[PDB]
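Take a look at this one chain, the form deposited in one PDB entry, written out in structure tokens.
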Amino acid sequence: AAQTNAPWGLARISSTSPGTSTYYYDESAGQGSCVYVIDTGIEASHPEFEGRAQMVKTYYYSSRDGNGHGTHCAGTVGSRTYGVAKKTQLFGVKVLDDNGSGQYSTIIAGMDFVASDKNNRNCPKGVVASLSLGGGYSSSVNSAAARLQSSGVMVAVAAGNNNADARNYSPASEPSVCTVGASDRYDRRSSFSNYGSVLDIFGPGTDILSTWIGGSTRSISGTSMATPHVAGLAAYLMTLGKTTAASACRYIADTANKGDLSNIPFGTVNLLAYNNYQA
């Protein structure tokens, strides 16, 4: 399948070169997979989600996304126009309030929720969780991410936006999950992207167009935006049967575009997520 005039990040993930604008992907499109977006919620009523999104859990007075961030991330995973995996099922878990903040204890509860809740959902092709959040190092946060991964969920987490080594942030520093840095449309490391040995992969993160609340759209930047590209890619690849939740991060690294990013510090991987789709 070919989506013309796609957001640059979608085009980038199906291309061996920057500077194109068509997204190419297998029509299976993540059907039969599920992606949990653990964030500020999801505006499931947005036409871009086509009935494939729903809120399953909140820790606050509403499950609605009063912020936009979670809706944007969910859009990059799976919206019809802005998403990598256009037929996946999206499940929202609101661990962050409408100002985008959340306690680590709530975030941990949300991760353990997903590890169990997937047994209440139909995801024959596999389960992914996208975590566009983080703060300072916490062994308990890292352990919760490790549990979620161990339970059979492909966990993708943001590297962080501090232009610093991600070893000092969580859950980015957890070795067993997929830690995602951000790049721009010219294959440069995003100016804010964290780096370091704990990163597994880069995805598009600067000037990413996606869904927003109030049935709208907007372009924002962050490792928050790169993470759902990788989560959606994992769901897409798992639906194709090319990899599994336990092996998807490594498979994405194995098949990535290699050596193509600039300003990658010595010791950080130079790997850009790539679907290797031959039309």
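Just count from 1 along the sequence shown to find any residue number.
Averaged over Cα atoms, the B-factor as recorded in the entry is higher for 100 to 108 than for the other of 178 to 186 and 100 to 108. Per the deposited record, 239 carries the highest C-alpha B-factor of all listed residues (239, 219, 54, 40). When the Cα B-factors of 62, 28, 227, 210 are read from the PDB record, 62 comes out highest. For residue 66, the recorded CA B-factor ranks within the highest third of the chain. Only modelled residues enter the ranking. Sorting the modelled residues of the chain by their CA temperature factor places residue 247 in the middle third.
Remark: residue 266 belongs to the highest third of its chain, ranked by C-alpha B-factor as recorded. In the deposited entry, the Cα temperature factor of residue 78 places it in the middle third of its chain's modelled residues. Per-chain ranking of the deposited C-alpha B factor places residue 88 in the lowest third.
The form solved in complex with a partner chain exists for this protein as well; it is not shown, and the discussion that follows is about that form.
Only one of 129, 96, 90, 201 comes within 4.5 Å of its partner chain in the entry with it bound through a heavy atom, and that residue is 96. This chain appears without its partner; in the entry with it bound, the one residue of 245, 34, 225, 233 with a heavy atom within 4.5 Å of its partner chain is 225.
Shown here without its partner, the chain carries 76, 149 and 253, none of which come within 4.5 Å of its partner chain in the entry with it bound through any heavy atom.
Here the chain stands by itself, but in the entry with it bound one stretch of 233 to 241, 37 to 45, 50 to 58, 24 to 32, 37 to 45, has heavy atoms within 4.5 Å of its partner chain. Remark: residue 217 does not count among the residues lining its partner chain in the entry with it bound, judged by a heavy atom distance of 4.5 Å or less. The closest non-hydrogen atom of residue 133 lies within 4.5 Å of its partner chain in the entry with it bound. Proximity of residue 197 to its partner chain in the entry with it bound falls outside the 4.5 Å heavy atom cutoff. Contact annotation: residue 101 falls within 4.5 Å of its partner chain in the entry with it bound, judged by heavy atom distances.
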